[PDB]
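One chain comes next, on its own, written out as structure tokens in the form deposited in one PDB entry.
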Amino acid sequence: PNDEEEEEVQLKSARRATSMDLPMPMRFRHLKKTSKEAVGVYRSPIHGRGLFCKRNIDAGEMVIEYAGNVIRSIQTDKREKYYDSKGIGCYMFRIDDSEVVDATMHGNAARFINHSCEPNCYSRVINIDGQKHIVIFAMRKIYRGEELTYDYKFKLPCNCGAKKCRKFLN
């Protein structure tokens, strides 16, 4: 039976590019589509709504982009004011002292990532084709059903599960 099979190509599960040891732009290229399969927003025991794993995520894998428009740091106060006056919930992520991502109007599911003192995700800024993106990566293998969390690293109380909880977000 294995006779015709002696020369056949052996097959196995394909590894996702988001999870492979490739240069960042190759990894980032299919992040949008892959992220939709990997994570979803559900109610969270930590706070309100959270981001959850729908399909196992590899350690070190690109999980999702913190999507939004890159804006100058000095446009930030005015936009917050404007969102306030309109009854819009503001979501922003600082890139550095000069730039932030504004996810308020053109954001995605990454806005719903809760804080935890014992996180399973971390963030990086990457430049792809001249454009800055904030990308969330998994610190460890993450399994279907687990909540994805990040350390905000900012008083106001902390609701994370952590045994080493810091008790306050800030």
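Throughout, we count residues from 1 along the sequence that is shown.
As for the form solved in complex with a partner chain, it is not shown, yet the points below apply to it.
A.B. asks: In the deposited complex, does residue 15 have a heavy atom within 4.5 Å of its partner chain?
C.D. replies: No, residue 15 sits far enough from its partner chain in the deposited complex that none of its heavy atoms falls within 4.5 Å.
A.B. asks: Residue 144 near its partner chain in the deposited complex, any heavy atom under 4.5 Å?
C.D. replies: Residue 144 lies outside the contact set for its partner chain.
A.B. asks: Can any non-hydrogen atom of residue 120 be found within 4.5 angstroms of its partner chain in the deposited complex?
C.D. replies: The answer is no: residue 120 has no heavy atom within 4.5 Å of its partner chain.
A.B. asks: Within 4.5 Å, heavy atoms only: does residue 110 come near its partner chain in the deposited complex?
C.D. replies: Yes, residue 110 lies within 4.5 Å of its partner chain in the deposited complex.
A.B. asks: Considering 140, 55, 47, 124, which brings a non-hydrogen atom within 4.5 Å of its partner chain in the deposited complex?
C.D. replies: In short, 124.
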